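Novice: Below are the structure tokens for one structure; questions will follow.
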Amino acid sequence: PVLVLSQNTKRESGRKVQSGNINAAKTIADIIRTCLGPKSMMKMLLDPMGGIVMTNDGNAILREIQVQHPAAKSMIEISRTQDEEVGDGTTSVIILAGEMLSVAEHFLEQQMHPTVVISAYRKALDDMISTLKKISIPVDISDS
Amino acid sequence: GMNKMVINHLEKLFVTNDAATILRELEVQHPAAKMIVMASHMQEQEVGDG
Amino acid sequence: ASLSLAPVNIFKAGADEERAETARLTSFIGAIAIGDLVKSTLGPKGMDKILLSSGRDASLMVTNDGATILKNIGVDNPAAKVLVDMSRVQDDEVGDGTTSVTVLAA
Amino acid sequence: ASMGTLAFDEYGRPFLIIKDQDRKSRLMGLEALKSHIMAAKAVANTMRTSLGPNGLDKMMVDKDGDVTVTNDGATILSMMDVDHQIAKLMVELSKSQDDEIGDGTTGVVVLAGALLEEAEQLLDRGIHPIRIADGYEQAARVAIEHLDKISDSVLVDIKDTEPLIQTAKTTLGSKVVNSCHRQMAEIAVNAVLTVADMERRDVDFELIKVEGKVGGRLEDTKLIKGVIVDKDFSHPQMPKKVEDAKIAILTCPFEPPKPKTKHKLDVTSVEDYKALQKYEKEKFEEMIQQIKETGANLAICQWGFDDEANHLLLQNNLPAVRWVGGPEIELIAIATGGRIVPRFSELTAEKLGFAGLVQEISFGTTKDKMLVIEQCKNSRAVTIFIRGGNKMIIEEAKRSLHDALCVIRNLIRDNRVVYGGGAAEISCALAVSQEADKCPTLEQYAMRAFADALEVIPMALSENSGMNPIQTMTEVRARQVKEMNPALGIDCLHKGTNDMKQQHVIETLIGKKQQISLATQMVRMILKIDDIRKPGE
Amino acid sequence: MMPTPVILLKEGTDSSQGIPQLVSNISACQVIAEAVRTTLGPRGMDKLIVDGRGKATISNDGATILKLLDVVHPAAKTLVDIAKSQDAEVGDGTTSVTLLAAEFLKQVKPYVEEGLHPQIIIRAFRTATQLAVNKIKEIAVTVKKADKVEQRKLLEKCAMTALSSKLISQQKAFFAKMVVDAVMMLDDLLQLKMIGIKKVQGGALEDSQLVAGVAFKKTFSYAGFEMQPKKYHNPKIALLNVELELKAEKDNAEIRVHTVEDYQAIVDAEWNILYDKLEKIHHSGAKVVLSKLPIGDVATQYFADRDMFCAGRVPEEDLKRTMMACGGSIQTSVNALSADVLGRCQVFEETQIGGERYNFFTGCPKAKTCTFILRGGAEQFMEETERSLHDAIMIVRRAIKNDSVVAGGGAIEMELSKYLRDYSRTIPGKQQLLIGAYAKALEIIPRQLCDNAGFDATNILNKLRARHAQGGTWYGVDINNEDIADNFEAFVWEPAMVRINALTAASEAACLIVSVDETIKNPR
Amino acid sequence: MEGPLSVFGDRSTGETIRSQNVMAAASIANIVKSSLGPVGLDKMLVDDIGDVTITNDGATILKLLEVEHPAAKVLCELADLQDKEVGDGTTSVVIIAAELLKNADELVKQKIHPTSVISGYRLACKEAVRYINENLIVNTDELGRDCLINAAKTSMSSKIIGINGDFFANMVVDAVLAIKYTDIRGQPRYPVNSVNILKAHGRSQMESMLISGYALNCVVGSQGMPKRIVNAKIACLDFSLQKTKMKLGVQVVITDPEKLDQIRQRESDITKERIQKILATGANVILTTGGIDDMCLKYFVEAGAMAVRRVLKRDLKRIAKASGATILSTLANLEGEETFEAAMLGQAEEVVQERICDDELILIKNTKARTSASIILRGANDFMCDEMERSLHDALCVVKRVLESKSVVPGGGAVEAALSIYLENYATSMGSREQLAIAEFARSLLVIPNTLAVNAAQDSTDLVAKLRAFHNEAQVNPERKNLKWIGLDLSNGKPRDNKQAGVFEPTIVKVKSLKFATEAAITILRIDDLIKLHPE
Ligand SMILES: Nc1ncnc2c1ncn2[C@@H]1O[C@H](COP(=O)(O)OP(=O)(O)O)[C@@H](O)[C@H]1O
Ligand SMILES: Nc1ncnc2c1ncn2[C@@H]1O[C@H](COP(=O)(O)OP(=O)(O)O)[C@@H](O)[C@H]1O
Ligand SMILES: Nc1ncnc2c1ncn2[C@@H]1O[C@H](COP(=O)(O)OP(=O)(O)O)[C@@H](O)[C@H]1O
Ligand SMILES: Nc1ncnc2c1ncn2[C@@H]1O[C@H](COP(=O)(O)OP(=O)(O)O)[C@@H](O)[C@H]1O
Ligand SMILES: [Mg+2]
Ligand SMILES: [Mg+2]
Ligand SMILES: [Mg+2]
Ligand SMILES: [Mg+2]
Ligand SMILES: [Mg+2]
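Chains as they are written, first to last, in full-length UniProt numbering: chain A, 6 to 149; chain B, 51 to 100; chain C, 2 to 107; chain D, 2 to 538; chain E, 1 to 524; chain F, 1 to 536.
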């Protein structure tokens, strides 16, 4: 056998990879979609050490579940990032990322280039930041 | 439209861009897709194109 | 070079080709084995052999006849087969001499 | 060797083109040519030791352990369990020589192997294998014309058979039956001349029955001008000898007649039963009475008969043979001059054959009997009865005598004769060398190689005879060129003289031409191959 | 690329899609071409393939080689198919077609990798193919004289060219004369079943021969056949489909008698049935008797006593050829054996041919059939001889039907490459590149000729490209001189339909392979 | 084996092995072709354990891959060498080497001798280098600092810091100018790999920070120590501050119990005295490559100093060079005593422990005696942060090359089109077979703009034809030589003056790419046989 790459090296490419990544992300989102808001319901997770985790926390859930798709891995990692940075919004972030990828799937199917989509996303992010800072209000932290 | 070369379980080769033929020679196993294929084959039977 | 000792073997799996000295060696050894077997039956003071077949019937013969002895043995050497057939043809032509012709050939 | 396809893709996706391509092999180009040449050289060097009077035999063992000792190249290569396809081609080449000629089956193989061995060096020097094949074709044409030029002619008449006997002795010199050299040559010649159509120039070998029986000595082999059958008289009290035998040849079993169509004879009364009984009795009596009234003293049936017929023959003094095979019935008819009769009603005194002696022959302490029919008037059929001390020498005697008969046939077909002992090969090599000298193109090398290959037969004869190959061959070549005498060859038998015309060493011109042509054509077909594909295991 | 609880297709479906799949198809076609490249031209070589049973086939014929290769690639099967189609429609050019198709694919491979639309590529291919075909039809030399000597010269030259690639090239004049006599002695239909090809192991190529008549091997004679004579000097010939032997008068027939007199009558009646058939055959004057059905020993001996010749179980094709040669009809009944239904030849003989016995019917002047008898030192030798002769025969047939000749050695390919380069330099610039690639692809025939011969294809193609642009259209590769030459004067002639169909088939295969954009293998 | 040659292995020979080598090289190049240019896309790589790597760097991809074929390992090592010697072009060099191999094997199939192909490639490489150096370079002096910014933005296009290039290029340029230093021989040196790059998932990319000073991936050793110091006097030590243990060849053997107490206390008082000597000079921040026992950390705590342990040797060397300190492996002078001079101290306008998302690090700000630079990259996860690190390293190397050699060339296939034209015209003069080899070299060079357009999803044929038309007009009409600067605009699918658009690459990138690609093609093309021995 005269191979160029080692056997077990499988290479996927193209719109199959793009749609697969987007589906993995939106699946990670669908996992915890119902754990958002005041009327959420608990989930009982079973650790490999015979333990139990009864929670509503997006990062807790995604940290207790295990995946093999690298897109899902990346989504769990960004949930961890959100939790470590601010300590809240760990499932709002997941849902927003899933929805953004979902809506980008449209333009990707419609021959738009991912770099074009990305430039649009970055413009929109800057303008989101501007709008948030404009609509924000101050706080007197001395008011217990 | 580009042609496809479908090889069925009997190792027979079909080179075509005829949708109903491609569907026939594929082994569609999901039931909803099977239903869409049933619709396509009924269209082929009734009209012959489309 | 040679049919057997060539970079390519020209034969089906299981065949073989003994060349000059190897062939003469196997031939002489087979013939002389047959002859040494069939002698000691030669002459008035010759002694008999027990054939003792190995089939499921396990036939048992006590013979002094060289033709009978050679007919009733499992021979695999071609030269030995030649001598066996020679003794059989002697036994067909005349009824005696089947041990002397074999001993002489050997 | 190398595999069919070794990419699997420039993109990582499966690349499957041929079925079981991973288990399949392939050899391409000059390495393929050299593999072919190596295989052919192996076969040829196996065969070259069985060439000439001092040539030795080979002991072939089949799948079931039966032994065959032989010097016949075609029989050897047929018994040889070869796997290489080029060796299979060489077996086919030898078989073709045997079909067309019946002699030369070892010369063809040796010569083809030599041609390929020389092509090996020519390919090393970089010549195109097709150019080699074309130079070989050119040199082969030159050698064929030189054979036609140096050929001699012999008389194929039935009065003086000494030239034919010399030819047959040359053919049989290399076989185990050279202990009875002249007896075997005489009987091969007399056989073909008795059964040979001189006007048509055809010789039907179905009319020559070559029978062998263990016992006796090789010297006991004789020519029967007639037929021998492996049967005896039907009744044990019949006489064992019949002189001045008028023979009735019949293919009707001496039994009550029987329709071929599905039939049911219905018995419906005691009178019907008695009529049937009397019909059967009278049928038997009528058959025997018809055979007797024909005047015959002997009957020969093809389909056997029953107790009533046997005893009626005995009572009526009609010795009879039964269960004789179709071919032997035909031979008996042809030999005795009789006509084969399908039923007794059609039998007449003119359809009978005549043999001056019909005898039953014993073979010592065996209980087996044979029937000889001979002393016919002008038998156009004949039998060769071979005796010997073992079935191995009997079978070798059979095939050697077949070679001799085929050689006499080739003489009857074309009386032209070249002299052997490698003399013809040396002369053709000289002619090819001269033509290569006169050739200015690149085929000069191929023609010189063809000459050096033609010279392997005298070298092989010398080697098998213990002489020094190069010395002997160069001296006889020098003598041929100096004193123009293409009858100078190898003194294999050490008679002193190198003159094959004086030693009566004789070959057939069509035989030598067929050798050269077949060797050249097969070498061309082998050199034209540059790619082998074979299935795994 | 994500798991689903229920998958759309059956587990194991392998789908290759896109530019990689297309490039891989082109590569597989390149492999298939490589498998036959070295057989092209007078310096071409033979291939030895072996089956699972261990039986080897040795061939120069590209169609044969590709049939024997167990090709399974869906795109590479197309080259095998077009080689089959070429062998069908023409009978020669099978290697050229595959080489041309694969070279078209190789030439367009770069643009395929750079994203050129396959529809554009196939449009360019169709355009260039139509142009080249019309140019062949325009510049093909068709002598409008209908002279018989010139038409035999033409057929002999086309056959010599078609044979100057095989293992019988050293006898191609001989075999070409024989092939030409054969197809010129055939009837209007030029049926291939009307040319017999017997293969008798043993003998030389020059010992092979053509029989202006019919010949077939002796067929299982019974006793008395040697008592029969074996040469007749003006025989009348009875061709029959009749079993002549004692047999059940019918398989569903049952005789019922209740008397021994009736029993004996029935026995004698069977015998009289047979003897009456034989007596009718004997009284028809026929001295030779051939039956598609068995002829028993009784009938054999009857004919031997009447000094007649009989042969049974003769094969149907040999019987039909004997009929077309001698001029009779095959009879299932022997009740009307008139001279109109009997056949006739000037000589009938049974001779020995290399270990076998053969019956020869010679001297038939009204013969619309001939039989080749091929000699050689091996089964595969004779098989490749037969294949070469089949190539030559098909060529001669097509030439007889349309004597419009072009020159070979790559002359026509170089002329068309020049013409297509010229045409491409006059179009916008997208189709320009693709038609120029077509043109460069056409050069694969002289290039491969020089390769197989051992020359510098680069220098020779430079010489040819130069000489074809200076004026001159039949200049191609000269093999024996390692140079170029006017191949129309050197008599390297090729029927125009050969190259027309080669271009058509190669372009169609290329267009198909390039139109395929996805491959879906279902699990077995 | 089956052949007469008894070697215990397989043997490929001739067109078989040549086609195999080309197939391998093409495979490797087709892996990376999709990651070339501003429209290229990134790749995931999974390491059989779930370890994920996002990347656009061709060298990184080919290092992570597990290659089995030697002709493909050659190209992998080629990409590695390009990354070592240049820092950019790691994909283009592989693509060009593979295309040179393809065309050269096509010529060898047409039976041009490989020696002749190799001579032609060597000639074409030399003449392409010369033509670039003579006609296609732009002086960064004539262009100013926006030249550096444009080179950085050009390098960052095709990376995940592309559109943010407007700001990342400013950061990169500021950092390289900060770490600029001149040595003996008065040559300006820009020692990248001295810019520290830290990664910390969290705030957006735009929130990445340029530190005027140095950033240390370390923390204080004790929570009782301060975590901010303003007038930082810095002591860099290459030895450990622990309870002193006698060395291997020294043993304590007591025969008078009254000495044991003093010996045991001395074992700690030695290090105590060393620490007091260090602290007496004013050192309030102490970085150490070794460890610091708790006993010592308590001394630092009581002194109000900031001690840091297990610092890395390279980080310490950089902090020392940047702050003016002297790394001490020992407190030992030329007088056989133990002292610490205030001249061995360094200075910094502040040293603080700053809180990054969920970790903590130390920032040394405004060091004197030299300026230093660190960059804290901030993204959405470790994958993003690692790819940002690799992209930023590429950009830093690019700016370094632009500042060392003051020549740039335009991008977007401008150089490749110009070289294709010039070399297809130049081949006409050199031999007859080397001519074909040089023409094929020229045609091969076009694989870069072809790939750029293919990835941009544009008509590669039309675009490269327009490019070649422009550059031929430039090389045949002396009045339009300004057309040399035309290349691809992959956002619009139209040629464009890339010198005015700001698509610049360091000349060294293209030159070294060409030289290395030619060397790789020559070495692989020289192979006409292969003997693969069966392992033992
Ligand atoms: N009474 C005897 N005295 C001397 N020699 C004898 C006597 N009887 C037999 N022989 C010798 O013994 C041999 C016979 O031995 P036997 O066992 O019959 O051998 P084979 O089977 O070959 O005939 C003969 O050669 C004969 O000369
Ligand atoms: N008595 C002889 N003296 C010299 N040469 C002989 C003699 N008999 C045969 N030869 C040569 O031996 C060669 C080999 O023939 P042989 O091997 O006997 O038959 P085949 O070649 O058919 O097996 C022949 O070419 C012949 O010329
Ligand atoms: N004598 C010759 N000289 C030069 N070229 C020839 C000669 N004979 C045939 N050719 C060329 O060889 C090419 C292929 O020959 P051949 O192998 O017979 O074709 P195929 O294998 O396709 O049937 C033809 O295109 C023809 O032009
Ligand atoms: N803005 C741009 N417009 C056109 N081409 C560009 C631009 N930026 C980079 N390129 C081209 O991209 C090619 C390499 O891109 P990239 O993959 O980022 O570099 P590397 O070769 O180091 O992998 C260069 O040849 C360059 O000409
Ligand atoms: Mg919350
Ligand atoms: Mg439609
Ligand atoms: Mg002989
Ligand atoms: Mg042909
Ligand atoms: Mg880059």
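Where a beta carbon is used, it is the ideal one built from N, C-alpha and C, also for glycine.
#1: Do we get a CB-CB distance below 7 Å when we pair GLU114/E with the residues of chain F?
#2: Counting by C-beta, which residues lie closer than 6 Å to a heavy atom of ligand 9, in chain order?
#3: Compare the beta carbon distance of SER27/F and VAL7/A with 7 Å and say whether it is the shorter of the two.
#4: Roughly how many angstroms lie between the CA atoms of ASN498/F and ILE132/F, to the nearest whole one?
#5: If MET288/D sits next to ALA321/D, beta carbons under 8 Å apart, how far is it from one beta carbon to the other, in whole angstroms?
#6: Would a check of beta-carbon distances place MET1/E closer than 7 Å to chain A?
#7: Using beta carbons (cut-off 7 Å, strictly below), is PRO79/C in contact with chain F?
#8: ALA380/F versus chain D: which residues are under 7 Å apart at the beta carbon?
#9: Count the other CB atoms within 10 Å of the CB of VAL93/F; is the residue buried (16 or more) or exposed (fewer)?
#10: Going straight from the alpha carbon of residue 529/E to that of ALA25/F, what length do you get?
#11: Could you check whether the Cβ of residue 1/D sits closer than 6 Å to any heavy atom belonging to ligand 2?
#12: Can you tell which of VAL193/D, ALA336/D, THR367/D and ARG417/D has its C-alpha closest to the C-alpha of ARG381/D?
#13: Should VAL70/D and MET81/D be called a contact, given that it needs their Cβ atoms to be closer than 7 Å?
#14: Does the Cβ of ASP92/E lie closer than 6 Å to at least one heavy atom of ligand 3?
#15: If I'm right that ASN191/D touches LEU224/D with Cβ under 8 Å, what's the distance once you round it to whole angstroms?
#16: Beta carbons nearer than 7 Å to chain D: which residues of the region 217-235 of chain E have them?
#17: Flag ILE444/E as yes when its Cβ comes closer than 6 Å to any non-hydrogen atom of ligand 3, and as no otherwise.
#18: Residues of chain A with CB under 9 Å from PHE9/D, in chain order?
#19: Can you tell me where the alpha helix (DSSP H) with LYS77/E in it begins and where it stops?
#20: Within a Cβ cutoff of 8 Å, which residues of the same chain sit near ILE100/A, ignoring the five residues on either side of it in sequence?
#21: Please tell me whether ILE57/B and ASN25/E are closer than 7 Å, where the distance is taken between their beta carbons.
#22: In terms of DSSP beta bridges, what is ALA348/F paired with?
#23: May I have all residues whose beta carbon comes closer than 6 Å to any heavy atom of ligand 1, sorted in chain order?
Specialist: Concretely, from the data shown:
#1: Position 114 of the fifth sequence, counting from 1, holds the residue named residue 114/E. It does; some Cβ of chain F falls within 7 Å.
#2: Here the list is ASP88/F, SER155/F, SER158/F and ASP394/F.
#3: Looking up residue 27/F in the sixth sequence gives position 27. Looking up residue 7/A in the first sequence gives position 2. No, Cβ-Cβ distance for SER27/F and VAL7/A is not below 7 Å.
#4: Position 498 of the sixth sequence holds residue 498/F. Position 132 of the sixth sequence holds residue 132/F. Those two C-alpha atoms are separated by around 16 Å.
#5: Mapped onto the fourth sequence, residue 288/D falls at position 287. Mapped onto the fourth sequence, residue 321/D falls at position 320. Going by Cβ atoms, the distance from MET288/D to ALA321/D rounds to 11 Å, so no, they are not a contact pair.
#6: Within the fifth sequence, the letter at position 1 stands for residue 1/E. So yes, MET1/E belongs to the interface.
#7: For the purposes of this step, residue 79/C is taken as the residue at position 78 of the third sequence. No, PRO79/C lies away from the interface with chain F (no Cβ there is under 7 Å from its Cβ).
#8: Numbered from its first residue, the sixth sequence carries residue 380/F at position 380. Chain D residues near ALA380/F: none, gap ~30 Å exceeds 7 Å.
#9: As a position in the sixth sequence, residue 93/F is number 93, starting the count at 1. By the 16-neighbour rule on beta-carbons within 10 angstroms, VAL93/F is buried.
#10: Residue 529/E is absent from the model: chain E starts at 1 and stops at 524.
#11: Since the first and last residues shown for chain D are 2 and 538, residue 1/D lies out of range.
#12: In the fourth sequence, residue 381/D corresponds to position 380, counting from 1. That would be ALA336/D, whose Cα lies nearest to the Cα of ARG381/D.
#13: Position 69 of the fourth sequence, counted from the first residue, corresponds to residue 70/D. Position 80 of the fourth sequence, counted from the first residue, corresponds to residue 81/D. Cβ distance not < 7 Å, so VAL70/D and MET81/D don't count as in contact.
#14: In the fifth sequence, counting from the first residue as 1, residue 92/E sits at position 92. Flag set: Cβ of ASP92/E near ligand 3.
#15: Mapped onto the fourth sequence, residue 191/D falls at position 190. Mapped onto the fourth sequence, residue 224/D falls at position 223. Between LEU224/D and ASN191/D the Cβ distance is about 5 Å, and since that is below 8 Å, they are a contact.
#16: Taking 7 Å as the cut-off between beta carbons, the residues of the region 217-235 of chain E near chain D are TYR222, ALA223, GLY224, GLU226, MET227 and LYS231, in sequence order.
#17: The residue given as residue 444/E occupies position 444 in the fifth sequence. For ligand 3, not one heavy atom lies less than 6 Å from the Cβ of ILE444/E.
#18: Residue numbering aside, residue 9/D sits at position 8 when the fourth sequence is read from its first letter. Those are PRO6, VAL7, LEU8 and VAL9, listed as they occur along chain A.
#19: On the fifth sequence, residue 77/E is found 77 positions in, with the first residue counted as 1. 77-89 is the span of the alpha helix (DSSP H), which, as asked, contains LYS77/E.
#20: Taking the first sequence and counting its residues from 1, the one referred to as residue 100/A is at position 95. Excluding positions up to five away in sequence, the list reads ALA34, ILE37, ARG38 and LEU41.
#21: For the purposes of this step, residue 57/B is taken as the residue at position 7 of the second sequence. For the purposes of this step, residue 25/E is taken as the residue at position 25 of the fifth sequence. The Cβ-Cβ distance between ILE57/B and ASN25/E does not fall below 7 Å.
#22: For the purposes of this step, residue 348/F is taken as the residue at position 348 of the sixth sequence. Under the DSSP definition of a beta bridge, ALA348/F partners with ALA232/F and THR367/F.
#23: Environment of ligand 1, chain-ordered: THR42/C, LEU43/C, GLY44/C, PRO45/C, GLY47/C, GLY67/C, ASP97/C, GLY98/C, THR99/C, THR100/C and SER101/C, taking every residue with Cβ within less than 6 Å of a heavy atom.
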